[PDB]
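J.: One structure, pasted below without further comment.
We place every Cβ from the backbone using ideal geometry, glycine too, and count neighbours over all the protein chains shown. Please treat every number below as a calculation from the coordinates, not as lab data.
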Amino acid sequence: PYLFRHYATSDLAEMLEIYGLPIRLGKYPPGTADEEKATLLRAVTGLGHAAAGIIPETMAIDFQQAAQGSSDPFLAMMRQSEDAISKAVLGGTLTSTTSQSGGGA
Amino acid sequence: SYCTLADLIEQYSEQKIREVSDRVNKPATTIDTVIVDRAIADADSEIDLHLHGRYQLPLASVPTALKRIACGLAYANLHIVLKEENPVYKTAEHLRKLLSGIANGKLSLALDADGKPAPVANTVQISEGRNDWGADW
Amino acid sequence: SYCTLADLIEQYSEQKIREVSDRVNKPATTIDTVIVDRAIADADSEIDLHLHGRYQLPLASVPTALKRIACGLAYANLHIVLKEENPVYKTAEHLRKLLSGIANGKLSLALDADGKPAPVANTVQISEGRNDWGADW
Amino acid sequence: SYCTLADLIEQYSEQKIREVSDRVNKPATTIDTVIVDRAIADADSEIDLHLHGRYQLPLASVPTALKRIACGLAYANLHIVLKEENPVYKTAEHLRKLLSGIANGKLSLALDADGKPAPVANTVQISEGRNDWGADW
Amino acid sequence: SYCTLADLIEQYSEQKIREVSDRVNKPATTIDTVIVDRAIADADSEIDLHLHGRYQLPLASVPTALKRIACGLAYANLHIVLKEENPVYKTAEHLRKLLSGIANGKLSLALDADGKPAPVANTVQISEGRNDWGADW
Amino acid sequence: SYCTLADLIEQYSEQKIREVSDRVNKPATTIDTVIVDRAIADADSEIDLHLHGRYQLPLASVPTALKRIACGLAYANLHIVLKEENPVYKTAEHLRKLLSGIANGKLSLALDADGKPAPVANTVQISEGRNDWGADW
Amino acid sequence: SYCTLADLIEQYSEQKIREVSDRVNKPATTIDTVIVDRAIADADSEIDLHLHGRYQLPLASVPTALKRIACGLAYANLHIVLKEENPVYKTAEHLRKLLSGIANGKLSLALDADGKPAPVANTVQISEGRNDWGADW
């Protein structure tokens, strides 16, 4: 369960790192020079934090929505690991987390 | 000045330039430098029209393909009357097609002698860019 | 210099080069090296125009197909007047089609002698890449 | 060297090669090995241009269809002036169509003598692949 | 060897093969086995090019339609110069169309003598297949 | 053997078969059974190529339309040189169109004498089929 | 047997059938019943090819339009050599167009003498049909 939690948390951290700016790819026509290609790379890299930009009509840039995901799987796996560890150690789970129900309390 | 009188001679022989450049003496005897200079100027002007959107117009160096294109255009311009079927007209149209290809980003401007030309800063432009909270605070 | 005078001779015989390179003596007697050199330079310039976007222009070695293309283009350029129906014009157009195919990523540049050419670093470019939390911490 | 002088002779008779290879003596008397060698080199160069994207260029063995294509291309190249309507030009265009078909993944490269050629490792490439938790832990 | 000299004779008479196979003696007197062998080899090579993607190339048996195609292609190859309008060229193009149809999965390869050919294992490939919990546990 | 020499005679007279089957004696005197047999074999091979995907190739009985097609194809094959405008070529193309229509599931194979041919089991194939809980338990 | 010799005579006169059916005697003197029988058989075979998908092939009765089509096809088949521009060829193509229209469900097969033909049970097929709880329980 420790390894399960570790993997889930690391993957969630990476996914948090990737959200926000969408991955985008720039295209150039034949006969583009190395200086112009480096310029295009710099522009594409800056477009995420740059609100505006201009390119020749012969060039194109597309946006892809890189992540388009949710954290629910990782949270569920971490909760499972937490519950397993609590049961194995203390024999119960209430002592570590607040029980959100009554009646059977 | 992407080409000179010497370039035109070395491309088209001297006798043909003597024929097409002299309008006063029949048979021609001497090359009139003014007409050749104006033809070269017009060729340079058309090339500038085709190249202003991708490079700095006052080029400090001339690519060799630019020299060939300028010489061809000047020779075509030197004709008072030119038919559609004239081979020089076909060569001029071919050179214009190359110029259009260069303009449309389909062909590149090659070396001048050893270094690259000076691409203009069109694509460089982007907003200032706001990325606070990512400066290692 | 993707081709030389020796290459042009070995491709088109010496008598034809003697005819098309001499503009002063009739019948021709000697090959004028200046005209051949300029024709080769113009052919190299056109090939550079077609190849700058995919390879380093100052090539340290010449592929053999490049030699054939340069020789054909130089021979075509050596003609003062060239018709559309002239077979040399058709060969030049064929070579231009090969050059366009190479430029458009449809044909590859072959070996020079034993090693590959030097593809430029166009496609190499990508962002720096942020992948923290995955460095075995 | 996908073909040799012996192959060209055995395909096109020796008298025709003697005619088209000798440019100095009229009537022709001897085959000039240099011209044939260069024609074969140019044919090999074009085939390499067409085949570099799917196979290793320095092939250790020559497929027989490759030999036929090389011989045809060399014979076509041996002509100083070639018309569009010349039958050898049509055969060369047919061979170029086969080469394009091979390049475009529409035709395959057959046996050399008994074993397959060496397809390049283009399609082989894939990421390293992360599949932990499935290693029988 | 999808066809032999005997097959070519039995298809096109012996006099025609004698004419088209002898290049040294006029009038022809004997059939040169080397030229016929090379023509058959080239025909087999083209058929292999067209058939490698669907069957094992080193076929242990020859379908009869394959024999007809090979004979036609060899006869077409035996001509030093062939026009577009030549009927043998039309027959060769027809056979090439059949070969393309076979390659494109539009026509099938028939019996050799009594048994089917050996289709290659292209379509056979699929993943290993994970279906635990369904093994009658 | 979808057709025989007797069928070819009964379709095209005996004099025409005598002309087109004898290549050694001028004027023709006898029908050469070997050439007719090979022509019939090639016709059967082409029909097998066109019919293998829908029926068992080693047919135990011959449909009559198959006999007509085989006779026409054999007669077409018996010609050493055949033009596009030759009427027999047009008839052969018509028969090939019928064969293609049969192959493409647009035309059916009729009776042999009284019973249907043997359609192959292509469409028959389906998975084993899991339908437990529906076996009247 | 959708048509007979009497039908062919009553359609095309007897003199024309005598001309086209006799291949041995010049001028023709007698009608050869074998050739007419085979022509009728081939016509019936083609019609069966066109009609097997919609009706039972061993028809117990012959529609009259079927008789006209069979007679036309037999007359067309009786010609050893037939051109594209021959009017009988045009009539045969017209009849083939009618046959295709009947096959494609665009035209119907009319009465034989007083009763309808026997349409095959193609469209009849449907699953067994499970509709329990609706049997008036």
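J.: Please state which one of B:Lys83, B:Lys97, B:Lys106, B:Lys67 is in contact with an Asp or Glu (Cβ under 8 Å, 6 or more places away or on another chain) and of a type in the set (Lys, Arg).
T.: Values: B:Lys83 fails: in contact with an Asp or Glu (Cβ under 8 Å, 6 or more places away or on another chain); B:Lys97 fails: in contact with an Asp or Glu (Cβ under 8 Å, 6 or more places away or on another chain); B:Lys106 fails: in contact with an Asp or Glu (Cβ under 8 Å, 6 or more places away or on another chain).
Only one candidate qualifies: B:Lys67.
J.: Would you say A:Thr58 is assigned to a loop (DSSP other than H, G, I, E, B) and either of a type in the set (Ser, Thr, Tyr) or surrounded by 15 or more Cβ atoms within 10 Å (Cβ to Cβ) (or both)? Explain how you work it out, then say what you get.
T.: On the way: assigned to a loop (DSSP other than H, G, I, E, B): yes; either of a type in the set (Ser, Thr, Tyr) or surrounded by 15 or more Cβ atoms within 10 Å (Cβ to Cβ) (or both): yes.
Taking the combined requirement at face value, the residue satisfies it.
J.: Would you confirm, using the coordinates I've provided, whether A:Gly31 is within 8 Å of another protein chain (Cβ to nearest Cβ), more than 19 Å from A:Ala66 (Cβ to Cβ) and free of Cβ contacts under 8 Å to residues at least 24 places away in the same chain? Let's see the steps before the verdict.
T.: Working: within 8 Å of another protein chain (Cβ to nearest Cβ): yes; more than 19 Å from A:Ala66 (Cβ to Cβ): yes; free of Cβ contacts under 8 Å to residues at least 24 places away in the same chain: yes.
In short, yes.
J.: Step by step: first the residues of the range D:1-19, then only those that are surrounded by 20 or more Cβ atoms within 10 Å (Cβ to Cβ) and assigned to a helix (DSSP H, G or I), then the one that is farthest from the chain's Cα centre (by Cα). Which residue is that?
T.: Quick first cut of the range D:1-19, residues surrounded by 20 or more Cβ atoms within 10 Å (Cβ to Cβ) only: D:2-3, D:8, D:11-12, D:17.
Adding the requirement that they be assigned to a helix (DSSP H, G or I) leaves D:8, D:11-12, D:17.
Working: D:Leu8: 13, D:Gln11: 15, D:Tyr12: 17, D:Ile17: 19 Å.
Among residues in the range D:1-19 that are surrounded by 20 or more Cβ atoms within 10 Å (Cβ to Cβ) and assigned to a helix (DSSP H, G or I), the one farthest from the chain's Cα centre (by Cα) is D:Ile17.
J.: Across the range A:47-93, what is the number of residues that are within 30 Å of B:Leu107 (Cα to Cα), more than 13 Å from every other protein chain (Cβ to nearest Cβ) and hydrophobic (A, V, I, L, M, F, W, C)?
T.: Residues meeting the conditions: 1.
J.: Just wondering, is there one or more residues in the range E:24-33 that are at the interface with chain D (Cβ under 10 Å from one of its Cβ atoms), under 23 Å from E:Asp114 (Cα atoms) and among the hydrophobic types (A, V, I, L, M, F, W, C)? Give the derivation first.
T.: First pass over the range E:24-33, keeping only residues at the interface with chain D (Cβ under 10 Å from one of its Cβ atoms): E:24, E:32.
Within this subset, residues satisfying the condition of being under 23 Å from E:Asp114 (Cα atoms) are none.
Checked against the condition, which is being at the interface with chain D (Cβ under 10 Å from one of its Cβ atoms), under 23 Å from E:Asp114 (Cα atoms) and among the hydrophobic types (A, V, I, L, M, F, W, C), the range E:24-33 yields no hits at all.
J.: Please indicate, with yes or no, whether at least one residue in the range C:91-112 is in contact with a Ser or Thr (Cβ under 7 Å, 6 or more places away or on another chain) and not hydroxyl-bearing (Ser, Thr, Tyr).
T.: Our first condition is that a residue be in contact with a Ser or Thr (Cβ under 7 Å, 6 or more places away or on another chain); within the range C:91-112, this holds for C:110, C:112.
If we keep only those that are not hydroxyl-bearing (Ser, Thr, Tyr) as well, we get C:110, C:112.
Yes.
J.: Quick check on the range F:101-123: of everything there that is within 21 Å of G:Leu99 (Cβ to Cβ) and polar (S, T, N, Q), which residue is nearest to the chain's Cα centre (by Cα)?
T.: Selected residue: F:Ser108.
J.: For the range F:1-22, how many residues are touching a residue at least 40 places away in the same chain (Cβ under 8 Å) and of a type in the set (D, E, K, R)?
T.: Qualifying residue count for the region: 1.
J.: Could you list, in sequence order, the residues of the range C:67-83 that are part of a loop (DSSP other than H, G, I, E, B) and of a type in the set (A, V, I, L, M, F, W, C)?
T.: Step one: list which residues in the range C:67-83 are part of a loop (DSSP other than H, G, I, E, B), which gives C:78-83.
Result: C:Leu78, C:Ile80, C:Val81, C:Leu82.
J.: Sticking with this one: Does B:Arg130 satisfy being charged (D, E, K, R) and surrounded by 17 or more Cβ atoms within 10 Å (Cβ to Cβ)?
T.: Considered against the rule, which asks whether it is charged (D, E, K, R) and surrounded by 17 or more Cβ atoms within 10 Å (Cβ to Cβ), B:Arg130 comes out as no.
J.: Next question, about the same structure. Just to be sure I understand the filter: pairs with C-beta atoms under 9 Å, separated by 6 or more residues or on different chains, first member in the range B:82-105 and under 18 Å from B:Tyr55 (Cβ atoms), second member among the hydroxyl-bearing types (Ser, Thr, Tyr). Which pairs pass?
T.: Filtered contacts from the range B:82-105: B:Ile102/B:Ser108; B:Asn104/A:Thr58; B:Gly105/A:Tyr28; B:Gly105/A:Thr32; B:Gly105/A:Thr58.
J.: Which of the residues belonging to the range A:1-34 are within 11 Å of the chain's Cα centre (by Cα) and in a loop (DSSP other than H, G, I, E, B)?
T.: The answer is A:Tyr19, A:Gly20, A:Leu21, A:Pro22.
J.: Could we say that C:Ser108 is within 30 Å of C:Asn77 (Cβ to Cβ), touching a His at 6+ places or on another chain (Cβ under 8 Å) and in a loop (DSSP other than H, G, I, E, B) here? Step through it out loud before you land on a result.
T.: On the way: within 30 Å of C:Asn77 (Cβ to Cβ): yes; touching a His at 6+ places or on another chain (Cβ under 8 Å): yes; in a loop (DSSP other than H, G, I, E, B): yes.
The answer is yes for C:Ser108.
J.: What tally of residues in the range F:38-66 results from selecting those that are assigned to a loop (DSSP other than H, G, I, E, B), among the polar types (S, T, N, Q) and more than 25 Å from G:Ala74 (Cβ to Cβ)?
T.: As a first pass, look at the range F:38-66 and keep what is assigned to a loop (DSSP other than H, G, I, E, B): F:52-54, F:56-63.
Still in the list and also among the polar types (S, T, N, Q): F:56, F:61.
Next, only the ones that are more than 25 Å from G:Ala74 (Cβ to Cβ) stay: F:56.
Qualifying residue count for the region: 1.
J.: Since A:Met78 meets every condition but one in (1) in a loop (DSSP other than H, G, I, E, B); (2) touching a residue at least 12 places away in the same chain (Cβ under 8 Å), which condition does it not meet?
T.: Checking A:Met78 against (1) in a loop (DSSP other than H, G, I, E, B); (2) touching a residue at least 12 places away in the same chain (Cβ under 8 Å), the one that fails is (1).
J.: Same structure, new question: Taking the range F:51-84 as the search range and keeping residues that are small (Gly, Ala, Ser) and surrounded by fewer than 21 Cβ atoms within 10 Å (Cβ to Cβ), which one is nearest to the other protein chains (Cβ to nearest Cβ)?
T.: We begin by selecting, within the range F:51-84, every residue small (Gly, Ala, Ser); these are F:53, F:60-61, F:65, F:70, F:72, F:74, F:76.
After this cut, where a residue has to be surrounded by fewer than 21 Cβ atoms within 10 Å (Cβ to Cβ) as well, the list is F:53, F:60-61.
Details: F:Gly53: 5, F:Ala60: 14, F:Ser61: 13 Å.
Checked the range F:51-84; the qualifying residue nearest to the other protein chains (Cβ to nearest Cβ) is F:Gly53.
J.: Within 11 Å of another protein chain (Cβ to nearest Cβ), closer than 16 Å to D:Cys3 by Cα and part of a loop (DSSP other than H, G, I, E, B): is that true of D:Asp132 in this structure?
T.: Numbers: within 11 Å of another protein chain (Cβ to nearest Cβ): yes; closer than 16 Å to D:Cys3 by Cα: no; part of a loop (DSSP other than H, G, I, E, B): yes.
No; evaluated as a whole, the condition is false for this residue.
J.: On the given criteria, is D:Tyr75 touching a residue at least 60 places away in the same chain (Cβ under 8 Å) and of a type outside the set (A, V, I, L, M, F, W, C)?
T.: yes
J.: Please work out which residue is farthest from the other protein chains (Cβ to nearest Cβ), limiting yourself to the range B:104-123 and to residues that are surrounded by fewer than 17 Cβ atoms within 10 Å (Cβ to Cβ) and over 22 Å from C:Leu59 (Cα atoms).
T.: Of everything passing the filter in the range B:104-123, B:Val120 is farthest from the other protein chains (Cβ to nearest Cβ).
J.: Can you tell me how many residues within the range F:13-38 are closer than 15 Å to E:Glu14 by Cα, among the hydrophobic types (A, V, I, L, M, F, W, C) and in contact with a helix residue (DSSP H, G or I) (Cβ under 6 Å, 6 or more places away or on another chain)?
T.: Qualifying residue count for the region: 1.
J.: Does the range D:84-100 include one or more residues that are more than 25 Å from C:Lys97 (Cα to Cα) and part of a helix (DSSP H, G or I)? Steps first, answer last, please.
T.: First, the residues of the range D:84-100 that are more than 25 Å from C:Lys97 (Cα to Cα): none.
Within the range D:84-100, none of the residues are more than 25 Å from C:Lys97 (Cα to Cα) and part of a helix (DSSP H, G or I).
J.: Scan F:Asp48, F:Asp44 and give me the residue that is facing chain E (nearest Cβ under 9 Å) and in contact (Cβ under 8 Å) with a residue 40 or more places away in the chain. Reasoning before the result, please.
T.: On the way: F:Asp48 fails: in contact (Cβ under 8 Å) with a residue 40 or more places away in the chain.
Just one listed residue meets the conditions, F:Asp44.
J.: Does any residue in the range A:2-22 that is over 17 Å from B:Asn131 (Cβ atoms) and more than 9 Å from every other protein chain (Cβ to nearest Cβ) come within less than 8 Å, Cβ to Cβ, of a residue that is outside any loop (DSSP other than H, G, I, E, B) and of a type in the set (D, E, K, R) six or more places away or on a different chain, and which pairs are these?
T.: That search, which allows pairs on different chains as well, returns A:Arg5/A:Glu82.
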